[PDB]
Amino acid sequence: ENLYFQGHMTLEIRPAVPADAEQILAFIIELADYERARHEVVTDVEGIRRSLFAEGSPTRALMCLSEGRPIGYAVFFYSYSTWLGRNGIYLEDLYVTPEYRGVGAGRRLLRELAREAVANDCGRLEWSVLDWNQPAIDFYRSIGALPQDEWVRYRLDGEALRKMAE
């Protein structure tokens, strides 16, 4: 004998502010750790605070909270399609703490980005997922998102980038 029932909490989504930096970094680390890349986080709180909230930063961040109490975040920026001749939005990070993965916070963050895209005349909302991350893939497939698997992303960074400039 036991009993299951629905609980209801009011959740909040708001734009992030400079004071959110320490929490945002905390969540960035948690996400990177889930993505098996903890060691790749090389920034610090002031690095995040300054770059994310610079005047004319291309990047925007949202916080998700419960009587908050932050429970998740998203970081995104505008992209462009030359084929559509329209801006798009690219979602870089999306994360909800494990404890709160059932309440629909992740989905609503993604929905609000979609609303922003449509409201701003954008052709596409896009993001990336690790090929081994089947739970996330299942979710993205379920909402009608489609893989762009003909494309491979290439990167210049570190010394190779410096040499290309020099």
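We number the residues from 1 along the sequence you see.
- For the pair 43-51 and 123-131, the mean Cα B-factor is higher in 43-51.
- As recorded in the PDB entry, 100-108 is the stretch of 26-34 and 100-108 with the greater mean C-alpha temperature factor.
- In the PDB entry, residue 156 places in the lowest third of its chain by CA B-factor.
- When all modelled residues of the chain are sorted by CA temperature factor, residue 17 is found within the middle third.
- Among all modelled residues in this chain, the alpha-carbon of residue 11 has a temperature factor (C-alpha) in the middle third.
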